[PDB]
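To start, the structure itself, in structure tokens.
Number of protein chains: 2
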Amino acid sequence: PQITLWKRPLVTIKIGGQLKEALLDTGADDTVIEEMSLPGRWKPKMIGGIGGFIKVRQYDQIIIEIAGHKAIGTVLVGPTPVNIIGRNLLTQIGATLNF
Amino acid sequence: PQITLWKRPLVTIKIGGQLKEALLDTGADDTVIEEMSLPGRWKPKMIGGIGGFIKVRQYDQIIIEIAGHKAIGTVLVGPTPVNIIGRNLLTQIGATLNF
Ligand SMILES: CCCC[C@@H](CN[C@@H](CCCC)C(=O)N[C@@H](CCC(N)=O)C(=O)N[C@@H](CCCNC(N)=[NH2+])C(N)=O)NC(=O)[C@@H](NC(=O)[C@@H](NC(C)=O)[C@@H](C)O)[C@@H](C)CC
């Protein structure tokens, strides 16, 4: 779909079998999801944002549906203000910025 | 134009008489530009995201050109690591997310 930006680009995602709401974020390199239980092994990683750096759990090759679109990639789980779908998965669903 | 997301969606912007590279951020409500001595009346603001918050100066009705596209709106100036074009301006240049 074509999504305008008058409202936050929020969509329903399905991860670990659980439905969640996430923000399609072109300004995010990666996909960061709020702390949750996720099946699989993970490795400690640190990411940055506008206010600084936070520690997250890096889960690789995670199956995730984004607005009805399937993606299999890295999902960082940690204390993010918002669940955000980053470029690693946006590219997987063929998302582009247009104007 | 159409911007793919393999790489950070960075574009040239013009603000306060200066040219800069800015990140088109669909996950940002507002526009945050790197610290610069912009003239005019402003109001203190605190904005956050991953890592926490940063103090910025809110300037209203600031003219900014985004990849050749003119827009006029609120620009927050402060210690941001990257120049961020948020939805307040992305909507003005007619930017959409498509997949
Ligand atoms: C989490 C909050 C929602 C998404 C977030 C994404 N912001 C981009 C801004 C770019 C950095 C300043 C970001 O954090 N991107 C991260 C996302 C995390 C990630 N890992 O992808 C990123 O790409 N980080 C890279 C940093 C690369 C730095 N570049 C470099 N080293 N060369 C990274 N891999 O750690 N939005 C925001 O940060 C904006 N906040 C908001 O829109 C709202 N605030 C809150 C708390 O939700 C609103 C209520 O203010 C800021 C700019 C104020 C308008």
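Residue numbers (the entry's author numbering), protein chains in the order written: chain D, 101 to 199; chain C, 1 to 99.
From the three backbone atoms N, C-alpha and C, an ideal C-beta is built for every residue, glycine too.
Whose C-beta lies closer than 7 angstroms to the C-beta of residue i among residues of the same chain, with five residues either side of it excluded?
i, result
"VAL177 of chain D", "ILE133, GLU135, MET136, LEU138, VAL156, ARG157, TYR159"
"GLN92 of chain C", "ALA71, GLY73"
"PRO109 of chain D", "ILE103, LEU123, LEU124"
Between which residues of its own chain and residue i is the CB-CB distance below 6 angstroms, once the five residues before and five after are set aside?
i, result
"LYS14 of chain C", "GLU65"
"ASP30 of chain C", "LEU76, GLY86, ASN88"
Based on Cα-Cα distance, which residue from the options lies nearest to residue i?
i, options, result
"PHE99 of chain C", "D:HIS169, D:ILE185, D:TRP142", "D:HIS169"
"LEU105 of chain D", "C:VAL82, C:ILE84, C:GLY40, C:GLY27", "C:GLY27"
How many Å lie between residue i and residue j at the Cα?
i, j, result
"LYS43 of chain C", "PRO79 of chain C", "16 angstroms"
"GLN61 of chain C", "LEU89 of chain C", "11 angstroms"
"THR96 of chain C", "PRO101 of chain D", "10 angstroms"
"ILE63 of chain C", "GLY16 of chain C", "8 angstroms"
"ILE3 of chain C", "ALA167 of chain D", "20 angstroms"
"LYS7 of chain C", "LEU24 of chain C", "11 angstroms"
"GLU21 of chain C", "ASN183 of chain D", "26 angstroms"
"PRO81 of chain C", "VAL111 of chain D", "27 angstroms"
"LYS45 of chain C", "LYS145 of chain D", "30 angstroms"
"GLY194 of chain D", "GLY140 of chain D", "26 angstroms"
Which residues in the same chain as residue i place their Cβ atom closer than 8 angstroms to its Cβ, once the five residues preceding and following it in sequence are excluded?
i, result
"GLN18 of chain C", "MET36"
Decide yes or no for the touch test of the stretch 143-152 of chain D against the stretch 40-55 of chain C: beta carbon pairs closer than 8 angstroms, at least 3 of them. Counting Cβ pairs under 8 angstroms, three or more are found: they touch.
Check each residue of the stretch 163-183 of chain D: if its Cβ is closer than 7 angstroms to any Cβ of chain C, include it; give the result in chain order. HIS169, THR180, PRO181
Would you list, in chain order, the members of the stretch 24-58 of chain C that have their beta-carbon closer than 8 angstroms to a beta-carbon of chain D? Flagged, chain order: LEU24, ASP25, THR26, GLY27, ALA28, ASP29, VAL32, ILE47, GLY48, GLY49, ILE50, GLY51, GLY52, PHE53, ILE54.
The stretch 102-113 of chain D: positions lying closer than 9 angstroms to chain C by Cβ: Cβ contacts with chain C come from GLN102, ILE103, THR104, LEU105, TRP106, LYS107, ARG108, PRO109.
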